[PDB]
Amino acid sequence: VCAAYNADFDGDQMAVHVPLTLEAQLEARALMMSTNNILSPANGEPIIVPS
RNA sequence: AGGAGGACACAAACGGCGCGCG
């Protein structure tokens with residue numbers, strides 16, 4: 001996943017938000033889950049390119 | 001003798017300057 005975030009682990013801060021309501025949980029699991037974003041929307045190129 | 005009477009509630013903010021990190 002670190003490729004998608006452009007996340008180098010050299011002291012990189014990152015934020016967490018908790019979806020509260022039912023629809024928020026379902027929307028997260030259906031649209032924003034890691035396994036639902038294996039293709040880049042900018043071109044037909046995987047974002048899970050091996051590290 | 002008889003007889004008569006008699007207090008509930010209530011938890012810290014806004015603008016600069018500087019530095020630093022992603």
# chains A, B, ... in the order shown; residues from 1 in each chain; ligands from 1
$ interface_residues --of "chain A" --to "chain B" --cutoff "8 Å" --atoms "only C-alpha atoms (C1' of nucleotides)" --output "ChimeraX atom specification"
/A:11-13
$ residues_around --residues "residue 6 in chain A" --least-positions-apart "4" --cutoff "12 Å" --atoms "only C-alpha atoms (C1' of nucleotides)" --output "PDB file with N, CA, C and O atoms (P, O5', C5', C4', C3', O3' and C1' of nucleotides), in the first residue's frame"
ATOM      1  N   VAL A   1       0.821  -1.200   0.000  1.00  0.00           N
ATOM      2  CA  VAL A   1       0.000   0.000   0.000  1.00  0.00           C
ATOM      3  C   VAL A   1       0.861   1.258   0.000  1.00  0.00           C
ATOM      4  O   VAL A   1       0.430   2.308  -0.489  1.00  0.00           O
ATOM      5  N   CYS A   2       2.093   1.177   0.513  1.00  0.00           N
ATOM      6  CA  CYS A   2       2.902   2.379   0.691  1.00  0.00           C
ATOM      7  C   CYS A   2       3.184   3.093  -0.622  1.00  0.00           C
ATOM      8  O   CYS A   2       3.465   4.296  -0.611  1.00  0.00           O
ATOM      9  N   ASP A  10      10.380   7.177   6.642  1.00  0.00           N
ATOM     10  CA  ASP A  10      11.418   7.927   7.348  1.00  0.00           C
ATOM     11  C   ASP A  10      10.802   9.004   8.243  1.00  0.00           C
ATOM     12  O   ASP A  10      11.070  10.196   8.113  1.00  0.00           O
ATOM     13  N   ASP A  12       7.255   9.464   8.802  1.00  0.00           N
ATOM     14  CA  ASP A  12       6.126  10.051   8.096  1.00  0.00           C
ATOM     15  C   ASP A  12       4.871   9.906   8.942  1.00  0.00           C
ATOM     16  O   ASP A  12       4.468   8.789   9.280  1.00  0.00           O
ATOM     17  N   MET A  14       0.794  10.150   9.761  1.00  0.00           N
ATOM     18  CA  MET A  14      -0.405   9.775   9.029  1.00  0.00           C
ATOM     19  C   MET A  14      -1.582   9.790   9.990  1.00  0.00           C
ATOM     20  O   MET A  14      -1.434   9.485  11.175  1.00  0.00           O
ATOM     21  N   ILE A  47      -1.800  -0.062  -8.990  1.00  0.00           N
ATOM     22  CA  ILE A  47      -1.153   0.702  -7.933  1.00  0.00           C
ATOM     23  C   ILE A  47      -0.493  -0.209  -6.909  1.00  0.00           C
ATOM     24  O   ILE A  47       0.189   0.280  -5.996  1.00  0.00           O
ATOM     25  N   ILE A  48      -0.650  -1.518  -7.048  1.00  0.00           N
ATOM     26  CA  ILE A  48       0.002  -2.485  -6.183  1.00  0.00           C
ATOM     27  C   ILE A  48       1.297  -3.000  -6.816  1.00  0.00           C
ATOM     28  O   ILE A  48       1.716  -4.126  -6.546  1.00  0.00           O
ATOM     29  N   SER A  51       6.921  -3.801  -4.521  1.00  0.00           N
ATOM     30  CA  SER A  51       7.814  -2.874  -3.849  1.00  0.00           C
ATOM     31  C   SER A  51       9.267  -3.106  -4.265  1.00  0.00           C
ATOM     32  O   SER A  51       9.590  -4.011  -5.035  1.00  0.00           O
TER      33      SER A  51
ATOM     34  P     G B  22      12.287  15.166   6.922  1.00  0.00           P
ATOM     35  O5'   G B  22      11.024  15.331   5.967  1.00  0.00           O
ATOM     36  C5'   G B  22      10.285  14.198   5.525  1.00  0.00           C
ATOM     37  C4'   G B  22       9.004  14.035   6.303  1.00  0.00           C
ATOM     38  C3'   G B  22       7.875  13.335   5.557  1.00  0.00           C
ATOM     39  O3'   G B  22       7.077  12.606   6.484  1.00  0.00           O
ATOM     40  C1'   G B  22       7.212  15.537   6.115  1.00  0.00           C
TER      41        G B  22
END
$ atom_distance --atom1 "CA of residue 23 in chain A" --atom2 "CA of residue 7 in chain A"
28.9 Å
$ atom_distance --atom1 "CA of residue 31 in chain A" --atom2 "CA of residue 19 in chain A"
13.0 Å
$ select_by_dssp --residues "chain A" --states "helix (DSSP H, G or I)" --output "PyMOL selection string"
chain A and resi 2-5+22-32+34-36
$ atom_distance --atom1 "CA of residue 49 in chain A" --atom2 "CA of residue 3 in chain A"
7.6 Å
$ decode --residues "range 3-24 of chain A" --atoms "N, CA and C atoms" --output "CSV table (one decimal), in the first residue's frame"
chain,number,residue,atom,x,y,z
A,3,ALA,N,3.1,2.4,-1.8
A,3,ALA,CA,3.3,3.0,-3.0
A,3,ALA,C,2.2,4.0,-3.3
A,4,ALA,N,1.0,3.7,-3.0
A,4,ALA,CA,-0.2,4.6,-3.3
A,4,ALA,C,-0.1,5.9,-2.5
A,5,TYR,N,0.3,5.8,-1.2
A,5,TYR,CA,0.4,6.9,-0.3
A,5,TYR,C,1.7,7.7,-0.6
A,6,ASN,N,2.6,7.2,-1.5
A,6,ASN,CA,3.9,7.8,-1.7
A,6,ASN,C,4.6,7.9,-0.3
A,7,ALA,N,4.4,6.9,0.5
A,7,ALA,CA,4.8,6.9,1.9
A,7,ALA,C,6.1,6.3,2.1
A,8,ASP,N,7.2,7.1,2.2
A,8,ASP,CA,8.4,6.7,2.8
A,8,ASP,C,8.3,6.7,4.3
A,9,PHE,N,8.9,5.6,4.9
A,9,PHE,CA,8.8,5.4,6.3
A,9,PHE,C,9.8,6.1,7.1
A,10,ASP,N,10.4,7.2,6.6
A,10,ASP,CA,11.4,7.9,7.3
A,10,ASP,C,10.8,9.0,8.2
A,11,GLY,N,10.0,8.6,9.2
A,11,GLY,CA,9.3,9.5,10.1
A,11,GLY,C,8.1,10.2,9.5
A,12,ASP,N,7.3,9.5,8.8
A,12,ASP,CA,6.1,10.1,8.1
A,12,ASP,C,4.9,9.9,8.9
A,13,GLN,N,4.3,11.0,9.3
A,13,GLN,CA,3.0,11.0,10.1
A,13,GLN,C,1.8,10.7,9.2
A,14,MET,N,0.8,10.2,9.8
A,14,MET,CA,-0.4,9.8,9.0
A,14,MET,C,-1.6,9.8,10.0
A,15,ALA,N,-2.8,10.1,9.5
A,15,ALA,CA,-3.9,10.4,10.3
A,15,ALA,C,-5.0,9.3,10.1
A,16,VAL,N,-5.7,9.0,11.1
A,16,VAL,CA,-6.8,8.0,11.1
A,16,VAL,C,-8.1,8.7,11.5
A,17,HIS,N,-9.2,8.3,10.7
A,17,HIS,CA,-10.5,8.8,11.0
A,17,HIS,C,-11.4,7.6,11.1
A,18,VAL,N,-12.3,7.6,12.1
A,18,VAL,CA,-13.2,6.5,12.4
A,18,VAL,C,-14.6,6.8,11.8
A,19,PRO,N,-15.0,6.0,10.8
A,19,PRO,CA,-16.4,6.1,10.3
A,19,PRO,C,-17.4,5.6,11.3
A,20,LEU,N,-18.4,6.5,11.7
A,20,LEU,CA,-19.3,6.1,12.8
A,20,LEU,C,-20.5,5.5,12.4
A,21,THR,N,-21.3,6.1,11.5
A,21,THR,CA,-22.6,5.6,11.2
A,21,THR,C,-22.5,4.4,10.3
A,22,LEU,N,-23.7,3.7,10.2
A,22,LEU,CA,-23.7,2.4,9.4
A,22,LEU,C,-23.4,2.7,8.0
A,23,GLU,N,-24.0,3.7,7.3
A,23,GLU,CA,-23.7,3.9,5.9
A,23,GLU,C,-22.2,4.3,5.7
A,24,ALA,N,-21.6,5.0,6.7
A,24,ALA,CA,-20.2,5.3,6.6
A,24,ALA,C,-19.4,4.0,6.5
